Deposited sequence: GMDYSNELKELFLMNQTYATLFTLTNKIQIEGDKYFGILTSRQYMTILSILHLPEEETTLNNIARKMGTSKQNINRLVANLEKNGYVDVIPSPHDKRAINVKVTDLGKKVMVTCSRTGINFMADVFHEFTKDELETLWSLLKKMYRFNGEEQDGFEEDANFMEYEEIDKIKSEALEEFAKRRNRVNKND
């Protein structure tokens, strides 16, 4: 059974590493963002990526890979902080729609800029090839049970100083003293 033991060990270690990595990346992302948590940020972004009419708890839950119950708690938190407004859905009386407010959008402009520095730092050791490989393997793991990911104008909004700072942080161009 040595082949089986070695496969199991490798699976255990890959799982444990996924879990502790996401813990670390969550904590680190919260420090970068500063004014939102990573979970708040990703929930607002998920809402911005849906059509207003389709911003239901179920659709938001599917986009985030999580349960309706978790999105319900997150959305109530966003509403009490004044980041979203929650109205009844016009298609279904049991469902909701979520609109991002002016405050929400303001905080997202600030967090997106910081987000660009965070991506630069997190992936500075990766080639483009290795990122594509990582992304591909994470998508394969997603569909282990038969159900596939629902992933994520926008280009024109990124200003040239952000991309300049991104290039410098990613490439470690600076000759350190």
query: Deposited residues without C-alpha coordinates, grouped into stretches that follow sequence order; finding: 1 to 3, 156 to 164
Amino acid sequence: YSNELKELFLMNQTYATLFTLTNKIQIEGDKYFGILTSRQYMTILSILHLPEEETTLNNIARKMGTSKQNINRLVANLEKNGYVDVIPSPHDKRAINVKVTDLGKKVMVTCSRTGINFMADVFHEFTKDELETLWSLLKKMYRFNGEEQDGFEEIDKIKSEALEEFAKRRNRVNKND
From here on, numbers count along this sequence of modelled residues.
item	value
Average Cα temperature factor in the PDB entry - higher stretch of 101 to 109, 85 to 93	85 to 93
Mean temperature factor over C-alpha atoms, higher-scoring stretch between 11 to 19 and 154 to 162	154 to 162
Residue with maximal Cα B-factor (values as given in the PDB entry) among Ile116, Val122, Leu50, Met141	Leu50
Highest recorded Cα temperature factor - choice among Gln69, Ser136, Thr127, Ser46	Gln69
Entry-reported Cα temperature factor of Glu54, expressed as the chain third it lands in	highest
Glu147 CA temperature factor, ranked by third within the chain	highest
